[PDB]
RNA sequence: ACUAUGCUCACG
RNA sequence: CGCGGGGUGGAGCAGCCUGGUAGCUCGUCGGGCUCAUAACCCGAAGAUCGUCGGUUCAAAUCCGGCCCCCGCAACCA
RNA sequence: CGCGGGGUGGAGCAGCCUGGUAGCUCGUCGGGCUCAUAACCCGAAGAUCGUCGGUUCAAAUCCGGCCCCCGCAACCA
RNA sequence: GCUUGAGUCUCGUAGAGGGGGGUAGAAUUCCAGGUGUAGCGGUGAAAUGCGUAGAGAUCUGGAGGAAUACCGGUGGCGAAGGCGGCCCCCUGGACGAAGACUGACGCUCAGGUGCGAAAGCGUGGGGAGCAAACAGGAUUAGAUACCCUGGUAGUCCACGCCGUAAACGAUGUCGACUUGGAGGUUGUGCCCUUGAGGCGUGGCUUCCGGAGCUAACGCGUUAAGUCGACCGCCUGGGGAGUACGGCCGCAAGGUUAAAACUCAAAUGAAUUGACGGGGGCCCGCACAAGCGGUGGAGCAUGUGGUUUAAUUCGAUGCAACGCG
RNA sequence: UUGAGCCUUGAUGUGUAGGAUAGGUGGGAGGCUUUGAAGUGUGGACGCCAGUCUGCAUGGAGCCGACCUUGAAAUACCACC
Ligand SMILES: [K+]
Ligand SMILES: [Mg+2]
Ligand SMILES: [Mg+2]
Ligand SMILES: [Mg+2]
Ligand SMILES: [Mg+2]
Ligand SMILES: [Mg+2]
Ligand SMILES: [Mg+2]
Ligand SMILES: [Mg+2]
Ligand SMILES: [Mg+2]
Ligand SMILES: [Mg+2]
Ligand SMILES: [Mg+2]
Ligand SMILES: [Mg+2]
Ligand SMILES: [Mg+2]
Ligand SMILES: [Mg+2]
Ligand SMILES: [Mg+2]
Ligand SMILES: [Mg+2]
Ligand SMILES: [Mg+2]
Ligand SMILES: [Mg+2]
Ligand SMILES: [Mg+2]
Ligand SMILES: [Mg+2]
Ligand SMILES: [Mg+2]
Ligand SMILES: [Mg+2]
Ligand SMILES: [Mg+2]
Ligand SMILES: [Mg+2]
Ligand SMILES: [Mg+2]
Ligand SMILES: [Mg+2]
Ligand SMILES: [Mg+2]
Ligand SMILES: [Mg+2]
Ligand SMILES: [Mg+2]
Ligand SMILES: [Mg+2]
Ligand SMILES: [Mg+2]
Ligand SMILES: [Mg+2]
Ligand SMILES: [Mg+2]
Ligand SMILES: [Mg+2]
Ligand SMILES: [Mg+2]
Ligand SMILES: [Mg+2]
Ligand SMILES: [Mg+2]
Ligand SMILES: [Mg+2]
Ligand SMILES: [Mg+2]
Ligand SMILES: [Mg+2]
Ligand SMILES: [Mg+2]
Ligand SMILES: [Mg+2]
Ligand SMILES: [Mg+2]
Ligand SMILES: [Mg+2]
Ligand SMILES: [Mg+2]
Ligand SMILES: [Mg+2]
Ligand SMILES: [Mg+2]
Ligand SMILES: [Mg+2]
Ligand SMILES: [Mg+2]
Ligand SMILES: [Mg+2]
Ligand SMILES: [Mg+2]
Ligand SMILES: [Mg+2]
Ligand SMILES: [Mg+2]
Ligand SMILES: [Mg+2]
Ligand SMILES: [Mg+2]
Ligand SMILES: [Mg+2]
Ligand SMILES: [Mg+2]
Ligand SMILES: [Mg+2]
Ligand SMILES: [Mg+2]
Ligand SMILES: [Mg+2]
Ligand SMILES: [Mg+2]
Ligand SMILES: [Mg+2]
Ligand SMILES: [Mg+2]
Ligand SMILES: [Mg+2]
Ligand SMILES: [Mg+2]
Ligand SMILES: [Mg+2]
Ligand SMILES: [Mg+2]
Ligand SMILES: [Mg+2]
Ligand SMILES: [Mg+2]
Ligand SMILES: [Mg+2]
Ligand SMILES: [Mg+2]
Ligand SMILES: [Mg+2]
Ligand SMILES: [Mg+2]
Ligand SMILES: [Mg+2]
Ligand SMILES: [Mg+2]
Ligand SMILES: [Mg+2]
Ligand SMILES: [Mg+2]
Ligand SMILES: [Mg+2]
Ligand SMILES: [Mg+2]
Ligand SMILES: [Mg+2]
Ligand SMILES: [Mg+2]
Ligand SMILES: [Mg+2]
Ligand SMILES: [Mg+2]
Ligand SMILES: [Mg+2]
Ligand SMILES: [Mg+2]
Ligand SMILES: [Mg+2]
Ligand SMILES: [Mg+2]
Ligand SMILES: [Mg+2]
Ligand SMILES: [Mg+2]
Ligand SMILES: [Mg+2]
Ligand SMILES: [Mg+2]
Ligand SMILES: [Mg+2]
Ligand SMILES: [Mg+2]
Ligand SMILES: [Mg+2]
Ligand SMILES: [Mg+2]
Ligand SMILES: [Mg+2]
Ligand SMILES: [Mg+2]
Ligand SMILES: [Mg+2]
Ligand SMILES: [Mg+2]
Ligand SMILES: [Mg+2]
Ligand SMILES: [Mg+2]
Ligand SMILES: [Mg+2]
Ligand SMILES: [Mg+2]
Ligand SMILES: [Mg+2]
Ligand SMILES: [Mg+2]
Ligand SMILES: [Mg+2]
Ligand SMILES: [Mg+2]
Ligand SMILES: [Mg+2]
Ligand SMILES: [Mg+2]
């Protein structure tokens, strides 16, 4: 998070923030995640992941493109 | 047109001032397809303008049209849901055409006597920017400057 | 009068506002501005440019103190901050370092209920 | 952003 | 009984002690906006200082009245 | 019977106790919008003020009677 | 008798299993204190609310409560309910390794009894945040809602009660048996640890699929396959998991559990359409970008209406109304 | 840490005419300069950013009052505010 970038540079470049937190504090602990809803919304985000990964093996179809 | 990107028709130069800028000005000034009446008014106006201003016609019309020319105009776009005022850089073809229409629109009102007199006075007031046409650009700027927040 | 060398530009960027507040080294307020204080009200107040102009308005009104270089301390999310720091360069400062003070609670207090 | 309703029965 | 402050467009305000340049916010009509409505934004229409008098280069402004507006706390036929 | 207060477009309220001025919100009629109805938008009409008399230059508004209407009182034995 | 089921010991392995006690850091609210100058807050847009008594922001020092970021996963443990900071205390089970021992000690279970989320209930603590009820501002025809600002019971704790949930894999428990692949997780063997490996074989687990089954959807060695043991339950939809009595509860209510009456259906899965303020991709004066109009006037025409002895008849959203 | 008065002293105070970031009024025409000067290097005090004000010195002893623009004349000396 603590980013100095030497001296001649300036131009922000603080992906250190964007690839660490921000979303963790904000879109999660902004408004209440009703205990069960995480368990629901994760398990569908988890089931959607393996749906794509299992399809990615069977994606090699005829195509003809 | 939805996905029909086609170009525009070519226009013709005006005999006595062989050009293009004021040739379109005649078309915007025209009503009921009477180009003979309209073209006689534009020559009458620019000849009376050139006498007073002490310049030519093309350069007298230019130092007048640029003073009523919009830099940025205000559209409104609903990207997400809500309706807010998004300013946008006007295209160079529409830029001068939007100015010509404001000169003629102001000249409909302001009933002096003749159409040739009214345009001459509007273009004279445009040269020293104090007409109704410059006011209509001035307000168009104020919307873009005030609502500059929106990209 | 005082004439501080360096300071700290605290930026409180919420969704609705962007409150810029330039302080000294020891967290002592010298001046401030807001998106609401700049003009820009309602829908206009929550934008990157309305934060830019607020930082430009906070850049001046601390010229008596004469800060050459400062540290940024962004906070919250907001439409500003990735825009507000651009404003501090263009105004007339040197950014020593940029930091976050976005208060991450380690699952502590129950937040408000979801809205519909 | 929000934004109601559709009187009864009738296609062997 | 007083000494004191206070007096502007329809109205609530300041500005009024530091004489040469009457602001500012609701009532005001036209826009731009959008298939539209709300909003939001831009510019317009109105007091030469409640009113009358002295001086001095210039007076809402310095000084005297009025119509008053009161703040009050005094008020024992 | 005493005592205040009332009675105003179709409804409920201002304007009434300071004499010349009739508003507000719904509803009604007309036109829009919609496939149509509602909602919504834009126009329009609609009350001589309980009634009968005064006073007055002029009365919804002042005064008197009479007809409904509320509120208060009809107590000590 | 026997030893294969079942149990014991032996040495370990993993784990938010449990119960009791500590302590840590971030943050929220608040408390006094410094700085400092108009807003903050919020929203689709506003307002209530909070602020010139000096808020918000910023920093200093406290106080208190509750919950434990990241690790963290189609990870683990638990009979289910459920169980996440770190540390000790007591403590239940699970699995593996190879033996030794017991010698059918087993499996199910009506009544019985225990445990059993959240919300409730009782007595006594605590009370930051959140938040039923409630209040105010919006929204709207109305808004006893959704949105906003406040906000009490409650959520926390100790101890008793309650005994229910879509308490759900909507799938009772135990056991045997029948093609596969990719993984996750925790063991334990064989080998060179010769270098993040080579090769088996036990637990538990997620995903896809074969035969077979199924009304179909799907299930599929963790079966909804093939069989056995025992239990629970079902018999059309409404009436109704209601009434009445019994039992249980402080109550809230739970549990057991009908009948009259009424209907010819109610229902499940899947199919084709149509529709969606579902998604994606396209189109047309659909919109944008323009331009001229109608709506205002007069007149012409055509309908509606109304009038009349008759104002013949037909056409009436778009697709009837200078139409037949 | 105060809440003001108050004297010494020093500036400060740009409608417009305009060489002047001049408030009213006045003793009245030489002050001052070698009691080490004009111009400036540089930096401070002030600033309605027009241009005031001044530490010290390389420099070296000059600078200038009526005149012309004003409702007013020059902080050249100096009295009172
Ligand atoms: K419970
Ligand atoms: Mg859960
Ligand atoms: Mg086309
Ligand atoms: Mg209805
Ligand atoms: Mg129906
Ligand atoms: Mg129907
Ligand atoms: Mg006083
Ligand atoms: Mg259209
Ligand atoms: Mg008396
Ligand atoms: Mg009326
Ligand atoms: Mg109507
Ligand atoms: Mg009547
Ligand atoms: Mg008379
Ligand atoms: Mg009258
Ligand atoms: Mg044996
Ligand atoms: Mg066993
Ligand atoms: Mg080991
Ligand atoms: Mg453990
Ligand atoms: Mg343990
Ligand atoms: Mg444990
Ligand atoms: Mg424990
Ligand atoms: Mg405990
Ligand atoms: Mg702490
Ligand atoms: Mg703390
Ligand atoms: Mg104190
Ligand atoms: Mg305090
Ligand atoms: Mg307000
Ligand atoms: Mg308020
Ligand atoms: Mg205030
Ligand atoms: Mg207060
Ligand atoms: Mg204070
Ligand atoms: Mg404070
Ligand atoms: Mg604070
Ligand atoms: Mg603290
Ligand atoms: Mg503590
Ligand atoms: Mg397990
Ligand atoms: Mg189980
Ligand atoms: Mg213990
Ligand atoms: Mg067990
Ligand atoms: Mg055991
Ligand atoms: Mg063994
Ligand atoms: Mg035996
Ligand atoms: Mg034996
Ligand atoms: Mg049993
Ligand atoms: Mg039983
Ligand atoms: Mg129990
Ligand atoms: Mg329990
Ligand atoms: Mg219990
Ligand atoms: Mg509970
Ligand atoms: Mg309790
Ligand atoms: Mg009680
Ligand atoms: Mg008690
Ligand atoms: Mg509390
Ligand atoms: Mg709350
Ligand atoms: Mg709430
Ligand atoms: Mg309520
Ligand atoms: Mg209130
Ligand atoms: Mg409410
Ligand atoms: Mg309401
Ligand atoms: Mg709150
Ligand atoms: Mg706890
Ligand atoms: Mg405890
Ligand atoms: Mg305990
Ligand atoms: Mg019990
Ligand atoms: Mg039970
Ligand atoms: Mg049940
Ligand atoms: Mg469950
Ligand atoms: Mg589940
Ligand atoms: Mg499964
Ligand atoms: Mg069940
Ligand atoms: Mg059992
Ligand atoms: Mg085993
Ligand atoms: Mg199959
Ligand atoms: Mg079968
Ligand atoms: Mg099949
Ligand atoms: Mg299965
Ligand atoms: Mg098998
Ligand atoms: Mg097998
Ligand atoms: Mg097995
Ligand atoms: Mg089995
Ligand atoms: Mg089976
Ligand atoms: Mg079956
Ligand atoms: Mg039966
Ligand atoms: Mg039945
Ligand atoms: Mg039946
Ligand atoms: Mg019952
Ligand atoms: Mg009993
Ligand atoms: Mg009992
Ligand atoms: Mg109870
Ligand atoms: Mg039963
Ligand atoms: Mg029926
Ligand atoms: Mg069913
Ligand atoms: Mg179905
Ligand atoms: Mg659709
Ligand atoms: Mg669609
Ligand atoms: Mg076409
Ligand atoms: Mg269009
Ligand atoms: Mg047009
Ligand atoms: Mg038109
Ligand atoms: Mg019409
Ligand atoms: Mg017409
Ligand atoms: Mg008409
Ligand atoms: Mg004719
Ligand atoms: Mg007819
Ligand atoms: Mg007749
Ligand atoms: Mg006809
Ligand atoms: Mg007909
Ligand atoms: Mg017909
Ligand atoms: Mg037809």
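Every number here is computed from the coordinates shown, using simple stated rules; none is lab data. Positions of Cβ are generated from backbone atoms using ideal geometry, with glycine treated the same way; all protein chains shown enter the neighbour counts.
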Single condition residue A:63 does not satisfy, out of (1) over 30 Å from residue C:78 (Cα atoms); (2) within 21 Å of the chain's Cα centre (by Cα): (2)
Test: residue in segment C:72-87 that is away from every other protein chain (no Cβ under 13 Å) and touching a helix residue (DSSP H, G or I) at 6+ places or on another chain (Cβ under 8 Å): no
Some residue of segment B:16-37 being in contact with a strand residue (DSSP E or B) (Cβ under 6 Å, 6 or more places away or on another chain) and within 16 Å of RNA strand E (Cβ to nearest atom): no
Residues of segment C:10-25 satisfying the condition of being more than 6 Å from RNA strand G (Cβ to nearest atom) and away from every other protein chain (no Cβ under 14 Å): C:20, C:22, C:24, C:25
Condition broken by residue B:42, with the remaining ones in (1) surrounded by 14 or more Cβ atoms within 10 Å (Cβ to Cβ); (2) touching a helix residue (DSSP H, G or I) at 6+ places or on another chain (Cβ under 7 Å); (3) free of Cβ contacts under 8 Å to residues at least 12 places away in the same chain satisfied: (3)
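Each row is one residue, and each column tells you yes or no for (1) in a helix (DSSP H, G or I); (2) within 16 Å of ligand 2 (Cβ to nearest atom); (3) more than 17 Å from residue B:24 (Cβ to Cβ).
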{"site": "B:73", "(1), (2), (3)": "no, no, yes"}
{"site": "B:93", "(1), (2), (3)": "yes, no, no"}
{"site": "B:103", "(1), (2), (3)": "yes, no, no"}
{"site": "B:107", "(1), (2), (3)": "yes, no, no"}
{"site": "B:144", "(1), (2), (3)": "yes, no, yes"}
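Return the residues of segment C:17-43 that are part of a loop (DSSP other than H, G, I, E, B) and touching a strand residue (DSSP E or B) at 6+ places or on another chain (Cβ under 8 Å); say none if nothing qualifies. I'd like the intermediate steps shown before the answer.
Residues of segment C:17-43 part of a loop (DSSP other than H, G, I, E, B): C:17, C:24-28, C:34-43.
C:24, C:25, C:27, C:34, C:35, C:43 - these are the residues of segment C:17-43 that are part of a loop (DSSP other than H, G, I, E, B) and touching a strand residue (DSSP E or B) at 6+ places or on another chain (Cβ under 8 Å).
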Residue within segment B:34-43 that is within 16 Å of RNA strand G (Cβ to nearest atom), within 30 Å of residue C:47 (Cα to Cα) and either in a loop (DSSP other than H, G, I, E, B) or within 14 Å of chain C (Cβ to nearest Cβ) (or both) present: no
